[PDB]
Amino acid sequence: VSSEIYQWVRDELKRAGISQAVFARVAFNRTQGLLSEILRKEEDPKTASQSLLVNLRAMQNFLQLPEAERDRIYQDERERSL
DNA sequence: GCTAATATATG
DNA sequence: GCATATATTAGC
């Protein structure tokens, strides 16, 4: 898992114009508060619980998807929420 | 480790 | 005003 994962998520949130809640759900099937804590702590991927490392690689796996597919998934989750 | 709930912040 | 959003933490 890249040490850059944390800025790649923040850049992706800025770029997509998306909530922590929507990204957290589609990217790694977790809640808004967990992503908020994950982004604040920026814990060294090598120094991370397997639980947390699975989340980061779930996020990295999601972020390596085509921008077009990510943006479509974000829209489904919005209309599925709204 | 994480969730849902709650206290603040934004436009 | 307000909903929507995030930072925070009590509780499972």
Side-chain angles (χ1 to χ4, degrees):
Chain A
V1 168
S2 174
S3 288
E4 186 168 27
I5 186 59
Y6 298 113
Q7 195 48 51
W8 191 2
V9 173
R10 280 202 196 75
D11 291 329
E12 175 65 6
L13 292 176
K14 264 132 56 181
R15 185 202 66 71
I18 185 184
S19 71
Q20 285 176 1
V22 174
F23 186 75
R25 182 57 61 207
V26 301
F28 68 120
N29 193 24
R30 297 245 190 244
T31 61
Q32 173 270 315
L34 190 77
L35 181 54
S36 178
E37 281 299 294
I38 284 168
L39 286 173
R40 178 189 71 78
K41 290 177 175 186
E42 291 183 348
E43 214 85 314
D44 193 347
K46 183 61 194 291
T47 309
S49 318
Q50 257 78 319
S51 60
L52 172 57
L53 260 185
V54 165
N55 292 334
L56 294 173
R57 59 212 194 188
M59 276 179 263
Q60 189 173 298
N61 285 9
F62 183 86
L63 280 172
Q64 287 166 352
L65 289 170
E67 206 176 84
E69 201 197 327
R70 298 201 314 264
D71 280 350
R72 184 160 69 256
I73 286 163
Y74 296 158
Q75 184 168 324
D76 299 7
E77 185 51 40
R78 302 294 277 283
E79 271 61 295
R80 196 182 306 281
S81 186
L82 275 281

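Side chains are part of it too, since the values below use all heavy atoms of this structure and drop only hydrogens, waters and symmetry mates. The sequence lines fix the lettering, A, B, ..., with proteins before strands; numbering per chain opens at 1.
In this structure, CZ of A/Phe23 is placed 17 Å from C1' of C/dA5, rounded to the nearest angstrom. C/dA7 atom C1' lies 12 Å from atom CG of A/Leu39, rounded to whole Å. Taking atom CE on A/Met59 and atom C1' on B/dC2, their separation rounds to 13 Å, with Å as the unit. Here the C1' atom of nucleotide B/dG1 and the CZ atom of A/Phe28 are 12 Å apart, to the nearest Å. Straight-line distance from the CD atom of A/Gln20 to the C1' atom of B/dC2: 15 Å, rounded to whole Å. Here B/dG1 presents its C1' atom at 15 Å from CG of A/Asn29, a figure rounded to the nearest Å. In this structure, A/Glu37 places its CD atom 16 Å from P of B/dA4, rounding to the nearest Å. The CG atom of A/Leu35 sits 15 Å away from the P atom of B/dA4 (whole-angstrom rounding).
The environment of CD in A/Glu4 is sparse: at most 12 heavy-atom neighbours from other residues, nucleotides or ligands sit within 6.0 Å. More than 12 heavy-atom neighbours from other residues, nucleotides or ligands sit within 6.0 angstrom of NZ on A/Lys14.
Distance from the side chain of A/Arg30 is smallest for B/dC2 among the nucleotides B/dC2, C/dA7, C/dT9. Here C/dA7 is the nucleotide among C/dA7, C/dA5, B/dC2 with the atom lying nearest to any side-chain atom of A/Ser36. For A/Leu34, taking side-chain heavy atoms from C-beta onward, the closest of the listed nucleotides B/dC2, B/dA5, C/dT9 is B/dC2. Among the nucleotides B/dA4, C/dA5, C/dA7, the one closest to the side chain of A/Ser19 is C/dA5.
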Show which side-chain atoms of residues 47-64 of chain A pair as donor or acceptor with protein atoms under 3.5 Å away, not counting sequence neighbours.
residue: A/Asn55; atom: OD1; partner: A/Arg30; partner atom: NE; Å: 3.1
residue: A/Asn55; atom: ND2; partner: A/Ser51; partner atom: O; Å: 3.4
residue: A/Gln60; atom: OE1; partner: A/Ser2; partner atom: N; Å: 3.0

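Residues A/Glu43 and A/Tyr6 bring no donor and acceptor atom of their side chains to less than 3.5 Å of each other.
Taking every heavy atom of residues 44-52 of chain A and every atom of DNA chain B, pairs under 4.0 Å involve A/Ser49, A/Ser51, by number.
A donor-acceptor contact under 3.5 Å links the side chain of A/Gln32 to the base of C/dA7.
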Open item on the list: Go through it in stages, so that I can follow the logic: the residues are A/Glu12 and A/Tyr74, the test is side chain to side chain contact (heavy atoms under 4.5 Å, CB included), and I'd like the CA-CA distance, side-chain angles, deciding distance and then a yes or no.
Closed with: CA-CA 11 Å; A/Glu12 175 65 6; A/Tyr74 296 158; 2.5 Å; yes
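Applying the salt bridge (charged side-chain N to carboxylate O under 4.0 Å, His left out) criterion to A/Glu67, with sequence neighbours excluded, gives A/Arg15.
Heavy-atom minimum distance, A/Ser3 versus A/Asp44: OG-OD1, 4.3 Å.
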